[PDB]
Amino acid sequence: XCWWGXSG
Amino acid sequence: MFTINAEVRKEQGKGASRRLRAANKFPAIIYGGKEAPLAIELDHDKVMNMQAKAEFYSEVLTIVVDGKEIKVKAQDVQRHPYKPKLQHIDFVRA
Amino acid sequence: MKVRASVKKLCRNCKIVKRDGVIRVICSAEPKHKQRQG
Amino acid sequence: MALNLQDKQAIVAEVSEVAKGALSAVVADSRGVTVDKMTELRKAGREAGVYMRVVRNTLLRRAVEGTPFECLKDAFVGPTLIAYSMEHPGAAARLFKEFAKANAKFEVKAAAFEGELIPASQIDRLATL
Amino acid sequence: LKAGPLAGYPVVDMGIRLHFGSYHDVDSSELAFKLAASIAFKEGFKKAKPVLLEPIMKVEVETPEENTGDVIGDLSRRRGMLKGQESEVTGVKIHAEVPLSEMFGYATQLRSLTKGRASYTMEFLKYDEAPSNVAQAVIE
Amino acid sequence: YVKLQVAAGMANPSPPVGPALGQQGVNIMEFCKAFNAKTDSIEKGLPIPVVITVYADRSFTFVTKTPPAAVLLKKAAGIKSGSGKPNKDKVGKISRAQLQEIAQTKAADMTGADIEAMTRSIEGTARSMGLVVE
Amino acid sequence: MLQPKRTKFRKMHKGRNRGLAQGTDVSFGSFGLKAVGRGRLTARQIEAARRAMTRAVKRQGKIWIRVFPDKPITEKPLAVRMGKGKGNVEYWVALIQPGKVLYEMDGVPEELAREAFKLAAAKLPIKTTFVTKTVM
RNA sequence: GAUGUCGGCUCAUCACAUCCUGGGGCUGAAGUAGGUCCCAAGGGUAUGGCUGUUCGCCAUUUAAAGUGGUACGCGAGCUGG
RNA sequence: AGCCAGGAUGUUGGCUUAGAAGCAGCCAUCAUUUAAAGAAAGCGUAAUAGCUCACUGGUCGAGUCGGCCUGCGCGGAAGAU
Ligand SMILES: [Mg+2]
Ligand SMILES: [Mg+2]
Ligand SMILES: [Mg+2]
Ligand SMILES: [Mg+2]
Ligand SMILES: [Mg+2]
Ligand SMILES: [Mg+2]
Ligand SMILES: [Mg+2]
Ligand SMILES: [Mg+2]
Ligand SMILES: [Mg+2]
Ligand SMILES: [Mg+2]
Ligand SMILES: [Mg+2]
Ligand SMILES: [Mg+2]
Ligand SMILES: [Mg+2]
Ligand SMILES: [Mg+2]
Ligand SMILES: [Mg+2]
Ligand SMILES: [Mg+2]
Ligand SMILES: [Mg+2]
Ligand SMILES: [Mg+2]
Ligand SMILES: [Mg+2]
Ligand SMILES: [Mg+2]
Ligand SMILES: [Mg+2]
Ligand SMILES: [Zn+2]
């Protein structure tokens, strides 16, 4: 959960 | 080799020795051998400077009283408990 | 300025000066080093 | 370490022995010459048989007393570098002339040949020999 | 693994070995073995040292040379660890590994340090374990 | 007055010297061929300190310097790693015979006219790197 | 927390700290911290001085603690009246007389020993001095 | 052979270990806004909901809603929860 | 004491580290020129760089520095009529 690139 | 000038004590006791220390002098004793133990008073500052040398205690020293040289070694030393002072020193002849 | 009972030089530049009966440490290099006994 | 009186005496002895062996002594000022250059100066000195030693002026006067280089006592003003030539009297002057050309801050104050004090203009003549 | 025992987060990088067991002729069933496996998993996780993992991002920042000390210091202020530094004809590239929790509004602080002349890119790299203070914070 | 170290043969690629010559504003190709000339004559793959005194009006003067004593002694000992503890542990041993050739190589750098004094400067470096000296 | 492992009696009379000290010489090592005054050293104060002194020398050399807290001090609970027996033991203290050597050190340079004893002294309520061994 | 005991109200007075306003040093003080000390007592320094409450919490302000001493100031001034 | 000048070379010692170049740390603390220069006492740098210091040659002219013991002072030191 934490930025436009998706990811945690 | 340390030549230490000293005078025979006029009197002896806690009061006499405490008064001597208040005068910047300290009681000391020369004992051993046939000669009777002689009570002497030494200047505190003079001996305090000499005894800073480690060799002083081990090497023989000369003490002159009434112009007579006596060769002795420092048997025991009494130091003030907290202050950098010498309460008393014991000397053994030869 | 640090107002503390124990004032002392924290660097060579620090200087102990008594002004008007008050011990002060002034430092040319650091402002934080400035101190006053009080 | 403030040199001890004996330490200065050993210096005075060494310098006096070097001065007794030296055909020429050149006094110059190394004020403002960097170590990078000074080390190159000495490297050139060693190659040319010139022992270059900077000494305290007072020690130099103490050593000069009793050698043919008595005239140098006045020459000892400011920082004084003494370049004793052991092998060739002209080599020391030639090295200083090259250094002085490379370094406009290098002032060669005075020179001495055979007892006679030499002026700065005649130092160039000592280099031509 | 879908719901971790401690904090409910997904279990990762963990393997198990089934070496022994028991059965009944009538009672034993697929569902029964699944529930027994669940009980054993919880007991083992409770005794194994369970640590939460924080996602780490590979971050590359292009900064003017004058502010490189400031950007490197900001990344160090974050629990991020520098892994690289490339000087470039235009700007200086800085590579660092920073937890995403620390990477919030990083652009605002980065622009304040470099006069808005610095840009950064990031990619998820791995799940290194969180520091204890941050991990306890996550558990709460 | 710019100081940089470029390995022999690494002059040809633009990127290692690209930031240094881009910020100053110097053409890489001209420096490249010139530095390559000397580096190709010297053993390739050996790091070379270069003092490149660039004047403002596009004038470049580079001073090639002998490879550092660290790499020379490390290669002479044939070890790619130094010593973590110079005294309590020894990484490798070097020969006195091997101190003379590198001393002759770097004699142009120091100021002691004594070759034995130069072999001492290297053996002292060997003590710092933990190399045993006979 | 230095404290007798066992004792004959658990409570002791308050007593009087009078007289000069015994153990005034640096016997165990080269340097020592010597009390110039009289007072009581708590186990906690001794532990804090030991922690600060051992941290300074970077765990080098050897540290001798020449003083042991063998005296049980009893304090009454707050808001209780006088009497109703003696108070429960709370802490242990060592009686100090002027001249006592509290700590000794060896294997470290003298200039380093001076600083380590300065950091230890700060945590101590008794004026202390730096002493070195002497040949009697 | 009696010094009325909590809170409120009316009326205060002082201290300063200063809440605001005034002056200043350092700041991890760009500015705005702070933090922390030093100096300073001239003046100012809420209204209500709940509860007997002091207090506290809450709503809404305000430059700010100081902390204490005064027989926990004040019942031959009032009240009596 | 001040002032002038140098304060280096091997070298950016090895290790480590994203980097660690005298100056985070860790170990070694050597050798050269030599007036003297620490594998560095500081400031500084992301590392560099840069600025000092130790040390040294000049200038200058007479005392100067650091501890020990001790007398009497100073700061620490804010309350309510
Ligand atoms: Mg009596
Ligand atoms: Mg004033
Ligand atoms: Mg009555
Ligand atoms: Mg005030
Ligand atoms: Mg006021
Ligand atoms: Mg007032
Ligand atoms: Mg007025
Ligand atoms: Mg109501
Ligand atoms: Mg009041
Ligand atoms: Mg009031
Ligand atoms: Mg009261
Ligand atoms: Mg009342
Ligand atoms: Mg009344
Ligand atoms: Mg009345
Ligand atoms: Mg009435
Ligand atoms: Mg190094
Ligand atoms: Mg290092
Ligand atoms: Mg550094
Ligand atoms: Mg003169
Ligand atoms: Mg004179
Ligand atoms: Mg006083
Ligand atoms: Zn300062």
Side-chain angles (χ1 to χ4, degrees), chain D residues 10-11 14-15 17-19 21-26 28-55 79-106 108, chain F residues 1-6 20 24 35 38 42 46-57 59-73 96 99-129:
Chain D
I11 297 175
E14 296 159 7
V15 170
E17 286 178 358
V18 172
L23 284 143
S24 88
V26 192
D29 299 7
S30 58
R31 172 169 292 188
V33 185
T34 78
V35 157
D36 190 29
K37 308 168 182 179
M38 282 279 296
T39 54
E40 292 160 359
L41 260 55
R42 266 111 169 94
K43 200 177 185 183
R46 179 60 178 163
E47 183 178 2
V50 181
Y51 179 66
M52 312 168 54
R53 192 183 186 177
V54 186
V55 196
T80 54
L81 194 159
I82 324 290
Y84 292 108
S85 65
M86 292 177 72
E87 296 178 348
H88 294 320
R94 285 170 179 180
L95 283 182
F96 274 19
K97 197 175 187 177
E98 298 155 2
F99 305 153
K101 183 178 179 180
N103 297 309
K105 298 184 181 179
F106 188 70
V108 210
Chain F
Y1 199 85
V2 183
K3 285 184 172 178
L4 191 61
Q5 186 155 8
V6 184
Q24 228 297 309
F35 190 42
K38 299 296 183 181
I42 307 174
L46 210 51
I48 299 178
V50 175
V51 188
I52 172 68
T53 57
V54 184
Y55 213 88
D57 43 32
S59 306
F60 88 105
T61 303
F62 67 103
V63 189
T64 301
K65 293 298 185 181
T66 66
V71 295
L72 295 174
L73 282 71
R96 297 157 306 179
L99 303 184
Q100 293 177 335
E101 68 269 18
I102 54 175
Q104 296 294 321
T105 312
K106 294 186 65 72
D109 279 22
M110 283 73 74
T111 48
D114 181 28
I115 302 306
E116 187 197 356
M118 304 293 96
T119 65
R120 279 187 173 182
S121 76
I122 289 305
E123 73 88 24
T125 302
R127 299 179 185 183
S128 210
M129 303 158 54

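Keep in mind that the numbers below use all heavy atoms, side chains included, and drop hydrogens, waters and symmetry copies. Quick note on labels: first sequence line is chain A, next is B, and so on, each numbered from 1.
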S.K.: Would you say that F:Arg96 contacts F:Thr119 through its side chain, given a criterion of any heavy-atom pair below 4.5 Å between the two side chains?
M.R.: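 No, every pair of side-chain atoms sits at 4.5 Å or beyond.
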S.K.: Over 60° means perpendicular and under 30° means parallel, so tell me whether D:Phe99 and D:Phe96 are parallel, tilted or perpendicular.
M.R.: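 The arrangement is tilted - the two ring planes meet at 30° to 60°.
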S.K.: Is D:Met38 close to D:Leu81 at the side-chain level, that is, under 4.5 Å between some pair of heavy atoms?
M.R.: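 Yes, side chains in contact.
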S.K.: Taking only heavy atoms into account, what residues of residues 39-51 of chain D are found under 4.5 Å from chain F?
M.R.: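 Against chain F, the residues of residues 39-51 of chain D that fall inside the cut-off (heavy atoms, under 4.5 Å) are D:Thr39, D:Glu40, D:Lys43, D:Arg46.
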S.K.: State, without any angle test, whether D:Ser85 and D:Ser24 hold a side-chain donor-acceptor pair at a distance under 3.5 Å.
M.R.: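 Yes - a donor-acceptor pair under 3.5 Å links their side chains.
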S.K.: Could you note down all residue pairs passing salt bridge (charged side-chain N to carboxylate O under 4.0 Å, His left out) where residues 115-125 of chain F supplies at least one of them, sequence neighbours left out?
M.R.: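 Every pair satisfying salt bridge (charged side-chain N to carboxylate O under 4.0 Å, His left out) with a residue in residues 115-125 of chain F: F:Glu123-F:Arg127.
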S.K.: Just verifying a value: how many Å separate D:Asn103 CG and D:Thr34 OG1, rounded to the nearest 0.5 Å?
M.R.: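 Here the interatomic distance stands at 8.0 Å.
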